[PDB]
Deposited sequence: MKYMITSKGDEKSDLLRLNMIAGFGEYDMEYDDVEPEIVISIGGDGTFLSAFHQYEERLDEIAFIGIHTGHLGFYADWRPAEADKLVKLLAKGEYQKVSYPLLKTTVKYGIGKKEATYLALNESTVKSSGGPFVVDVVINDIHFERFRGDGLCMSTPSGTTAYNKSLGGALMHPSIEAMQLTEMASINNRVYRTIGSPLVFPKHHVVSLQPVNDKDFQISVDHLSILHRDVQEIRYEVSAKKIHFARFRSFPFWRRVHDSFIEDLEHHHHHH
């Protein structure tokens, strides 16, 4: 079936990509980077993120696979030495698909929407970051600090984790909001705790004075001007992985952070 392969760009990843392609030639696997059904990432989680965003408009017709050439990633959970064994089962099929929820970010001024696999982040364009946080049209708090991070389930082991957020299993269709260095005194008051919102809940950020913010989605971070609203909600779209062996999320957590 149709497939494509992204590479980190170094000698190790490029040479492994050419060997897999030659392995796929020994089957009737057509290379097609326009309409692939199978997307293989080789490198690290950053390389996987690029591959996800490169085909984020055909997520429903693609199964992703990660191969880590550096250290183990959460999305690149295949060592290079298992590449030949990976090629065989890919060519036949008989693999189940697992789906992780995604995060939708709407930015009104027209309006622009983004899909994130890890998280969507807002900071100030210089000076204080002040937003009113609104949950399902309910004013929840006025946040003054460095920024905010809305994380997918599978993103919680990333930036969200460094911000004190909880780690949550990717089968939970939810999103998690964490704070960056909120000021808290008699005047300003934030909840402090991370917040975990379910599907169909809309978290909206509304500016107070400064309307310019630096918003980032996974890799890309672009400065938005004259922002009226930032909306977060669990996406209706989901990223599909091709799984062959059992690699539970919590084992992946153990290997990455404990031993």
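Visitor: Going from the first residue of the deposited sequence to the last, where are the unmodelled runs?
Guide: Coordinates drop out over 110-113, 264-272.
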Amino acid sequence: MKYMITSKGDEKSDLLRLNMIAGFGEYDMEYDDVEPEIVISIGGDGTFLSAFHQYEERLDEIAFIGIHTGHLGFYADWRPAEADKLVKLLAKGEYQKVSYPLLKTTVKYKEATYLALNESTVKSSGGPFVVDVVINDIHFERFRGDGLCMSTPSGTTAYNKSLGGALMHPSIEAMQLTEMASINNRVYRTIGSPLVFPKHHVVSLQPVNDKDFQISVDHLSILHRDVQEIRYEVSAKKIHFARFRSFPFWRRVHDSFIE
From here on, numbers count along this sequence of modelled residues.
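Rigid core here is just the name for the largest C-alpha set that superposes within 1.5 Å across the two forms.
Visitor: Which stretch is more displaced from the shown form in 6 other deposited structures of this protein, 59-67 or 22-30, with RMS over structures and residues of Cα positions after a rigid core fit?
Guide: It is 22-30 whose C-alphas lie farther from the shown form in 6 other deposited structures of this protein.
Visitor: Which of the two stretches, 99-107 or 178-186, moves more in 6 other deposited structures of this protein when the core is held fixed, judged by C-alpha RMS distance?
Guide: Between 99-107 and 178-186, the one lying farther away in 6 other deposited structures of this protein is 178-186.
Visitor: Out of 28-36 and 213-221, which stretch has the higher average CA B-factor listed in the record?
Guide: If you average the C-alpha B-factors of 28-36 and of 213-221, the larger mean comes out for 28-36.
Visitor: Pick between 166-174 and 78-86: the one whose mean CA B-factor in the entry is higher.
Guide: 78-86 has the higher mean C-alpha B-factor.
Visitor: Tell me, please, which of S204, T47, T69, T190 has the highest C-alpha B factor according to the deposited entry?
Guide: Highest C-alpha B-factor among the listed residues goes to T69.
Visitor: I'd like to know which of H240, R17, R243, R251 has the highest C-alpha temperature factor in the PDB entry.
Guide: That would be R243.
Visitor: Using the B-factor values recorded in the entry, state whether the Cα atom of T156 falls in the lowest, middle or highest third among the modelled residues of its chain.
Guide: It belongs to the lowest third of the chain when residues are ordered by C-alpha B-factor.
Visitor: Using only modelled residues of the chain, where does the Cα B factor of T121 rank: lowest third, middle third or highest third?
Guide: Lowest third - that is where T121 ends up once the chain's C-alpha B-factors are sorted.
Visitor: When the deposited Cα B-factors of this chain's modelled residues are ordered and cut into thirds, is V107 in the lowest, the middle or the highest one?
Guide: Middle third, going by the recorded CA B-factors of the chain.
Visitor: State the tercile, meaning the lowest, middle or highest third, of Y100 with respect to the CA B-factors recorded for its chain.
Guide: It belongs to the middle third of the chain when residues are ordered by C-alpha B-factor.
Visitor: Sorting the chain's modelled residues by C-alpha B-factor, tell me whether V234 ends up in the lowest, middle or highest third.
Guide: Answer is lowest: the recorded C-alpha B-factor places it there.
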